[PDB]
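Trainee: This one is an experimental structure. Sequence first:
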Amino acid sequence: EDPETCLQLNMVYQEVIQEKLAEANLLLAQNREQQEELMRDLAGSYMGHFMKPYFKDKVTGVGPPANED
Amino acid sequence: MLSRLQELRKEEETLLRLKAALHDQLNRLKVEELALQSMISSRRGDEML
Amino acid sequence: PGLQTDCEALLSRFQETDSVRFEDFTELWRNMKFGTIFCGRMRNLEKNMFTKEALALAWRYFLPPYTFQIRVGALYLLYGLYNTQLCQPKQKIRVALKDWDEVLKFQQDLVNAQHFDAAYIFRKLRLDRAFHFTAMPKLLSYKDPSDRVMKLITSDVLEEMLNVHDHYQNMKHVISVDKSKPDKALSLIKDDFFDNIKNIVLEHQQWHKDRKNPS
Amino acid sequence: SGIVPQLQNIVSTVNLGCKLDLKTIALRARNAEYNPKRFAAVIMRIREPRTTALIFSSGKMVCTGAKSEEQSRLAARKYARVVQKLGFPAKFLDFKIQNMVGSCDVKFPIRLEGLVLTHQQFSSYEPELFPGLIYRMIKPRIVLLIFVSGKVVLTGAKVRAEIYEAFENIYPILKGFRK
Amino acid sequence: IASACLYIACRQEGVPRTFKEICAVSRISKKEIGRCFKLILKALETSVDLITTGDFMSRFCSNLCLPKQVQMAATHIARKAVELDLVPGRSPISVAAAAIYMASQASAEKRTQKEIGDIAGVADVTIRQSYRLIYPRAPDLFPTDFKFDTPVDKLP
């Protein structure tokens, strides 16, 4: 008849496939976040480092001076 | 955890394949849209005379 | 120590029934004599530690990424374990916060599917106050899963896809000014989209089976 | 392209014009070292242009580390004044910029294997000896360490124009191998 | 000069060894071997084709007691890994050692990082570093038709 109906139906088909694309890209985002969580697990690391001198230089590794107490 | 890791990556490649298919569909869809705009401009041009 | 094997055994014997009715889980409970998993001499400390482990495991199976059938099975397992304990101050199921919004939508899907057995079981668990509403399970210091592809594509999705496609063709046949042939500017529609997505999902499931088949 | 290499180092030499007693300078200068069991020069450092001068008993000074020609000339004159104040008849003769190490990043990974395969007569790529490809440019006698991360280290030039034209020659070649 | 010529000849014939496999025999350090190797290629005005990962596999997997199946396995893994750019700019010997370690831990005869480091002449730290680069993409590197007794879905 008149391709205006072609426009509108192709637009609603673009709309449904765009909803599908948004859902799929969100699954991609969640899966890539899971991958990055796996990688930060591989790059994760103790409790002895927090023993008696809890604070210590990243250079020398000695605590702060003694308190007055 | 590599069992789960490989399950997740295989799902990832599958969903990337689906996204490739749907993206090709979207591109050809918008090309059809431009074709429709061109032809409707040409055809309404035949009643503004 | 072997407990996860019995949990998996019960969940598998349940999922093989393809049922959701709690009567079937009662039949498996009495058949497996699963309730005697606590029976036997053990002092209070080890007793409640073992109960902690069992409840935490069953709850772990109750959450995603497990199948609906496995999840209802794990809910029944939680009911049966928490209700049959030898600990006098019964151990409580540790519910994280991040999992509460998922367990609630699961309960809603259960009651929407008219699965009133499992929904009533979860209500009974919430009334007996069998939960510790924690921040994270597993105090900190220092199978049968569900796929994304079924959430993407299934029967009804491809059905609506082919409906929209053939309706699109039928309107192509009427948009053209002549009935014999459509316009030469609109012939770019693809017919292999169904075939392409079918190839993708079939390669996926074929790789999945040749994965779960051993060498 | 629009990226130009940043000069990272400039080696220059100068003739002070008088024989020196290095022990005296090492005993009286402010940041000198003199280990004649390790090398045969006085190693002076300064802070203002951040350069290092190796001063030799023949009177020939080697000022390295500057980031520009002018900074290098100023630094060499500074070391000249230093050795002057120490009671030596030092002058400033024959200042010559002997090397310029510039660096740059083309900002795309490179295929070194393809590059050495197609340019076998210039490039040397031994992944066992050095993780970078060594491209001996021939039009200017420059040497480029090209890496898979895209970094390109040009070196061996006496003039900055040589560094620039060498990078301009090498950029299309790398663009051809954009990984 | 003799050691550098030996290395250049081994490379030219198409069975290249590593400098660590010539320094292990000669009386001079790998540094001098490499220096004279470059000097010889400069003097003779000749060149030698670039080594690939499949050259060090018939020897590394045979010096190790691995079967031929594990050997073709590691060959395929390494070739695909250098294909898929999982190991950018890393020496083919370290990639070969990593791929051999993967195919060894996956298959029946397991070998630790230490033995593969001794054979390939690669520090175990490098094996780790270039194994973590191919660690996540393990399955799609392996051969499709590949029997094993340790699930390729679980590897250290």
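Mentor: That came through, no problem. Residues are numbered from 1 along each chain as shown, chains lettered A, B, ... in the order given.
Trainee: Residues of chain E that sit close to chain D?
Mentor: Counting by Cβ under 8 Å from any Cβ of the partner chain, the residues of chain E close to chain D are E:18-19, E:34, E:37-38, E:41, E:47, E:50-51, E:85, E:88-93. The C-beta positions use only the backbone N, C-alpha and C, and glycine is treated the same way.
Trainee: rerun that using 6 Å as the cut-off
Mentor: E:19, E:34, E:47, E:50, E:88-89, E:91 (Cβ under 6 Å from any Cβ of the partner chain).
Trainee: In terms of distance to chain C, which of those residues ranks first?
Mentor: Using Cβ to the nearest Cβ, residue E:88 comes nearest to chain C of the residues of chain E next to chain D, at 27.7 Å.
Trainee: which residue sits closest to residue C:39, ignoring its sequence neighbours?
Mentor: Computed as Cβ to Cβ, 6 or more residues apart in numbering or on different chains, the closest residue to residue C:39 that is not its neighbour in sequence is residue C:86, at 7.8 Å.
Trainee: By proximity to chain B, which residue of chain D wins?
Mentor: Using Cβ to the nearest Cβ, the closest approach of chain D to chain B is made by residue D:179 at 20.5 Å.
Trainee: and that residue, what does it touch?
Mentor: Going by Cβ atoms under 6 Å, 6 or more residues apart in numbering or on different chains, residue D:179 touches D:109-111.
Trainee: farthest-separated two in the residues of chain E next to chain D?
Mentor: E:47 and E:88 (23.6 Å; Cβ to Cβ).
Trainee: The closest residue to chain C within chain D - nearest residue in space that isn't next to it in sequence?
Mentor: As assessed by Cβ to the nearest Cβ, chain C sits closest to residue D:179 within chain D, at 28.1 Å. Nearest residue to residue D:179, sequence neighbours excluded (Cβ to Cβ, 6+ apart): residue D:109, at 3.9 Å.
Trainee: Partner strands of the helix or strand where residue D:13 lies, with direction?
Mentor: Per DSSP states H and E, residue D:13 falls inside strand D:6-15. Take DSSP bridges as the rule and strand D:6-15 pairs in its sheet with strand D:60-66 (antiparallel), strand D:93-105 (antiparallel).
Trainee: for that strand, the distance to its chain's centre please.
Mentor: How far strand D:6-15 lies from its chain's middle: 5 Å, per Cα atoms, centre = their mean, to the nearest Å.
Trainee: The residue of chain E most remote from its centre and residue E:1, how far apart?
Mentor: The centre of chain E is farthest from one residue, residue E:43, which by Cα atoms, centre = their mean lies 28.8 Å away. The gap separating residue E:43 from residue E:1 is 10 Å, by Cβ to Cβ, to the nearest Å.
Trainee: Then residue D:169?
Mentor: Using Cβ to Cβ, residue D:169 is found at 34 Å from residue E:1.
Trainee: For the two, indicate the residue with more neighbours.
Mentor: Ranked by neighbour count (other Cβ atoms under 10 Å in any protein chain shown), residue D:169 and residue E:1 place residue D:169 first, with 16 against 13.
Trainee: name the helices or strands packed onto the helix or strand encompassing that one?
Mentor: Per DSSP H and E: residue D:169 is located in helix D:160-176. Counting contacts by 3 or more Cβ pairs under 6 Å, 6 or more residues apart in numbering or on different chains; DSSP states H and E, helix D:160-176 is packed against strand D:151-157.
Trainee: and the strand it packs on, what other elements does it pack with?
Mentor: Counting by 3+ Cβ pairs under 6 Å, 6+ apart, the packing neighbours recorded for strand D:151-157 are strand D:93-105, strand D:143-146, helix D:160-176.
Trainee: Can you say which of these is packed in most?
Mentor: strand D:143-146 (a mean of 21; mean count of other Cβ atoms under 10 Å in any protein chain shown).
Trainee: Could you spell out the sheet neighbours of it, each with its direction?
Mentor: Its sheet considered, strand D:143-146 pairs with strand D:133-136 (antiparallel), strand D:151-157 (antiparallel) by DSSP bridges.
Trainee: which residues touch the first one?
Mentor: What that stands for is strand D:133-136. Outside strand D:133-136, the residues that reach it (Cβ under 6 Å, 6+ apart) are D:112, D:116, D:122-125, D:143-144, D:146.
Trainee: that older thread, the inter-axis angle of the helix holding residue D:169 versus strand D:6-15?
Mentor: Going by axes from the mean of the first three to the mean of the last three Cα atoms, to 10 degrees, helix D:160-176 is angled at 150 degrees with respect to strand D:6-15.
Trainee: Alright, that wraps it up for me.
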